[PDB]
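Below is one structure, written out as structure tokens, with a few remarks after it.
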Amino acid sequence: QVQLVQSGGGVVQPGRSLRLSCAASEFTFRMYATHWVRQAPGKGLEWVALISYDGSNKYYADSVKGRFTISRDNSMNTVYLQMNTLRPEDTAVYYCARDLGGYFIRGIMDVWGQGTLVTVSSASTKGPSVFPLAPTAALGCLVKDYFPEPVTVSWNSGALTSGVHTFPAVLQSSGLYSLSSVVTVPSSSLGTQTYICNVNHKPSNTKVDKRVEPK
Amino acid sequence: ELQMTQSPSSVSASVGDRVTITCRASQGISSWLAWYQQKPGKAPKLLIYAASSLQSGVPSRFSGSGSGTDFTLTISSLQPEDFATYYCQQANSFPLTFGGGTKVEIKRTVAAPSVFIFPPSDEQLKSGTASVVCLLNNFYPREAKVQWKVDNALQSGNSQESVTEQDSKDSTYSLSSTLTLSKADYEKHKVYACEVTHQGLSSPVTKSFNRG
């Protein structure tokens with residue numbers, strides 16, 4: 001039942017600011033020091049900052065020092081990270097971690113919040129273009145030029161789950177994401193049977209179904 | 001400036017195997033070193049602290065040992081839920097520093113990819129852009145080795161790969177490689193081929209098509 005409850009990420013342009021919050025449940029935050037750790041898409045854990053139990057200090061990783069301010073509202077049992085002068089490379093899932101010590105600093109982290117995605121980009125919200133990957137055969141949908149993440153794709157309104165692969169999005173140089181979804185299927189059925197991919201991108205309020213048939 | 005180095009980056013092994021991971025720190029940490037377990041899209045768990053002290057909830061098959069510079073973690077008999085990435089963490093001076101981590105992946109028998117090529121849609125061609133997709137389906141291991149070849153000429157910096165996590169049912173992988181080009185430049189060549197070389201294939205496989 002002990003847990004850290006994070007809040008407050010999102011999409012923000014370079015130079016601008018965001019504030020993350022981390023709320024305790026079910027213990028008193030006011031006794032423990034707090035870490036933040038971030039993780040960039042498919043890269044590793046990178047430690048960011050730490051605040052002492054009463055907020056007397058205050059440690060920052062080199063990559064963020066002078067740009068981020070960690071703080072504490074002990075009467076709300078909440079901890080804050082102020083992220084200023086944002087840069088694309090600050091894109092990542094950010095985690096607040098409780099420090100094992102408290103009332104003193106160990107430097108290890110026993111309890112972790114769910115994570116918050118933070119995207120730093122010049123790109124504008126744009127929904128995907130959906131192009132057929134025409135065809136035991138293989139077929140798919142190419143979901144191209146959308147921002148921001150994420151998208152979801154199903155096949156035949158969710159009836160087809162056998163042998164689908166939806167590949168991690170790639171960020172192209174241009175600032176947009178792209179992705180393909182593939183399914184393998186018996187060749188003795190192409191013209192007989194229908195295949196529809198269903199693509200949703202909530203940020204742009206865009207639903208697209210696309211029928212994929214051969215030649 | 002403190003540098004934590006993890007080795008190997010990836011290890012493949014089998015339910016029940018014995019496995020061991022290395023963490024070297026470029027300065028004397030003494031013994032302030034933690035180990036974390038992370039599964040895809042979830043927060044890390046504490047496992048070992050102070051080199052060798054197991055956390056509360058942790059199975060006894062997890063052991064850790066080291067002092068000064070060289071550190072180790074061993075899972076004695078690897079259970080299905082133990083396949084994850086593993087992070088070591090120096091806790092000696094601020095700034096604190098994690099390792100680049102080691103992935104423990106499940107091992108199985110070699111599986112040749114099935115290879116497919118997909119010319120761009122005519123729909124995409126009206127936009128003024130051409131994507132060509134080459135799919136590698138259900139294979140093991142993840143290594144390979146996709147080369148684009150247009151009019152027989154080798155290609156560079158023009159294609160991005162992407163790969164799935166191990167299949168929950170058969171431990172296989174799948175990979176897509178996508179070649180993007182302007183419509184104008186697409187229309188200048190005739191032959192488009194991806195060549196796949198992978199352990200489970202004797203010689204490379206080449207799929208091709210002729211524009212039009």
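We name chains A, B, ... following the order of the structure tokens; residues begin at 1 in each chain, and ligands are numbered from 1 as shown.
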Long-range neighbours of residue 72 (chain A) as number ranges by chain, 10 Å cut-off, only C-alpha atoms, 2 positions minimum in chain: A: 21-22, 29-30, 33-34, 51-56, 70, 74-81
Residues from last step as file, C-alpha atoms, as a JSON list (two decimals), in the first residue's frame:
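Done, and the output landed in result_10.json:
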[["chain", "number", "residue", "atom", "x", "y", "z"],
["A", 21, "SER", "CA", 5.04, 16.59, -8.24],
["A", 22, "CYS", "CA", 5.37, 13.45, -6.15],
["A", 29, "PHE", "CA", 7.19, 11.98, 3.34],
["A", 30, "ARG", "CA", 8.28, 14.60, 5.82],
["A", 33, "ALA", "CA", 15.00, 12.38, 1.73],
["A", 34, "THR", "CA", 13.94, 12.16, -1.96],
["A", 51, "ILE", "CA", 16.47, 16.77, -1.44],
["A", 52, "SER", "CA", 17.10, 16.15, 2.31],
["A", 53, "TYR", "CA", 14.14, 15.42, 4.64],
["A", 54, "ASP", "CA", 13.71, 19.03, 5.79],
["A", 55, "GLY", "CA", 14.85, 20.64, 2.49],
["A", 56, "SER", "CA", 18.20, 21.99, 3.74],
["A", 70, "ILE", "CA", 14.15, 20.31, -6.43],
["A", 74, "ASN", "CA", 6.34, 19.02, 3.91],
["A", 75, "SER", "CA", 2.85, 20.07, 4.99],
["A", 76, "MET", "CA", 1.45, 18.58, 1.75],
["A", 77, "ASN", "CA", 3.68, 15.49, 2.04],
["A", 78, "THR", "CA", 4.66, 16.35, -1.54],
["A", 79, "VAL", "CA", 8.03, 16.77, -3.33],
["A", 80, "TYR", "CA", 8.59, 18.87, -6.42],
["A", 81, "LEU", "CA", 11.01, 19.08, -9.30]]
Members of region 38-198 of chain A assigned strand (DSSP E) by DSSP, as an MDAnalysis selection string: chainID A and resid 38:39 45:51 58:60 68:73 78:83 92:99 109:112 116:120 129:133 137:146 152:155 164:166 170:171 177:185 196:198
Residue among B:77, B:202, B:9, B:147 lying closest to chain A, counting only C-alpha atoms: B:9
Which of region 12-206 of chain A DSSP labels helix (DSSP H, G or I), written as a list in words: residues 29, 30, 31, 62, 63, 64, 74, 75, 76, 88, 89, 90, 156, 157, 158, 202, 203 and 204 of chain A
Residues within 7 Å of residue 100 (chain B), only C-alpha atoms, excluding chain neighbours under 4 positions, as a short mmCIF file (atom, residue, chain, number, x, y, z; two decimals) with N, CA and C atoms, in the first residue's frame:
data_model
loop_
_atom_site.label_atom_id
_atom_site.label_comp_id
_atom_site.auth_asym_id
_atom_site.auth_seq_id
_atom_site.Cartn_x
_atom_site.Cartn_y
_atom_site.Cartn_z
N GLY A 44 19.28 4.17 -20.44
CA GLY A 44 19.26 3.69 -19.07
C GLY A 44 18.90 4.73 -18.03
N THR B 5 30.69 1.06 -14.86
CA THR B 5 30.76 0.27 -16.09
C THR B 5 30.20 -1.13 -15.89
N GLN B 6 29.20 -1.46 -16.70
CA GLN B 6 28.54 -2.76 -16.59
C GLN B 6 28.82 -3.69 -17.76
N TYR B 87 20.48 -2.85 -12.84
CA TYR B 87 21.26 -1.63 -12.71
C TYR B 87 22.08 -1.63 -11.42
#
Region 129-144 of chain B surroundings by only C-alpha atoms, 6 Å radius, close-in-sequence under 6 positions cut, as a ChimeraX atom specification: /B:110-120,172-183,197-198
Export of prior selection with C-alpha atoms as a PDB file, in the first residue's frame:
ATOM      1  CA  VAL B 110      18.220 -20.472 -33.325  1.00  0.00           C
ATOM      2  CA  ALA B 111      15.383 -19.386 -35.574  1.00  0.00           C
ATOM      3  CA  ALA B 112      15.821 -18.046 -39.116  1.00  0.00           C
ATOM      4  CA  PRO B 113      13.802 -14.873 -39.799  1.00  0.00           C
ATOM      5  CA  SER B 114      11.148 -14.936 -42.507  1.00  0.00           C
ATOM      6  CA  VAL B 115      11.881 -11.916 -44.682  1.00  0.00           C
ATOM      7  CA  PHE B 116       9.388  -9.677 -46.500  1.00  0.00           C
ATOM      8  CA  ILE B 117       9.643  -6.539 -48.539  1.00  0.00           C
ATOM      9  CA  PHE B 118       6.966  -3.926 -48.973  1.00  0.00           C
ATOM     10  CA  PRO B 119       7.130  -1.280 -51.695  1.00  0.00           C
ATOM     11  CA  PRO B 120       5.537   2.043 -50.740  1.00  0.00           C
ATOM     12  CA  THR B 172      11.465 -14.917 -30.824  1.00  0.00           C
ATOM     13  CA  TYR B 173      12.078 -11.301 -32.042  1.00  0.00           C
ATOM     14  CA  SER B 174      10.839  -9.249 -34.918  1.00  0.00           C
ATOM     15  CA  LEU B 175      12.517  -6.382 -36.688  1.00  0.00           C
ATOM     16  CA  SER B 176      11.461  -3.727 -39.163  1.00  0.00           C
ATOM     17  CA  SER B 177      13.863  -1.638 -41.193  1.00  0.00           C
ATOM     18  CA  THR B 178      12.454   1.311 -43.108  1.00  0.00           C
ATOM     19  CA  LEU B 179      14.089   3.135 -46.026  1.00  0.00           C
ATOM     20  CA  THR B 180      12.744   6.681 -46.533  1.00  0.00           C
ATOM     21  CA  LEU B 181      13.371   8.794 -49.612  1.00  0.00           C
ATOM     22  CA  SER B 182      11.872  11.742 -51.472  1.00  0.00           C
ATOM     23  CA  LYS B 183       9.532  10.849 -54.357  1.00  0.00           C
ATOM     24  CA  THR B 197      22.197 -12.031 -42.980  1.00  0.00           C
ATOM     25  CA  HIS B 198      21.563 -13.858 -39.709  1.00  0.00           C
TER      26      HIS B 198
END
Interface residues on chain B facing chain A, 6 Å, only C-alpha atoms, written as a list in words: residues 46, 91, 95, 100 and 164 of chain B
File dump, residues just selected, N, CA and C atoms, as a PDB file, in the first residue's frame:
ATOM      1  N   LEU B  46      14.495  -2.252  -5.659  1.00  0.00           N
ATOM      2  CA  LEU B  46      15.712  -2.502  -4.897  1.00  0.00           C
ATOM      3  C   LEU B  46      15.833  -4.005  -4.668  1.00  0.00           C
ATOM      4  N   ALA B  91      26.949   4.685  -4.461  1.00  0.00           N
ATOM      5  CA  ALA B  91      26.323   5.555  -3.456  1.00  0.00           C
ATOM      6  C   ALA B  91      27.355   6.161  -2.522  1.00  0.00           C
ATOM      7  N   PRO B  95      27.649  13.661  -7.315  1.00  0.00           N
ATOM      8  CA  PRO B  95      26.415  13.106  -7.866  1.00  0.00           C
ATOM      9  C   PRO B  95      26.424  11.591  -7.864  1.00  0.00           C
ATOM     10  N   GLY B 100      24.958   1.493 -16.913  1.00  0.00           N
ATOM     11  CA  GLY B 100      24.218   1.447 -18.161  1.00  0.00           C
ATOM     12  C   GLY B 100      23.441   0.159 -18.247  1.00  0.00           C
ATOM     13  N   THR B 164      11.077  -5.524 -31.671  1.00  0.00           N
ATOM     14  CA  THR B 164      10.161  -5.889 -30.592  1.00  0.00           C
ATOM     15  C   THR B 164      10.875  -6.542 -29.433  1.00  0.00           C
TER      16      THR B 164
END
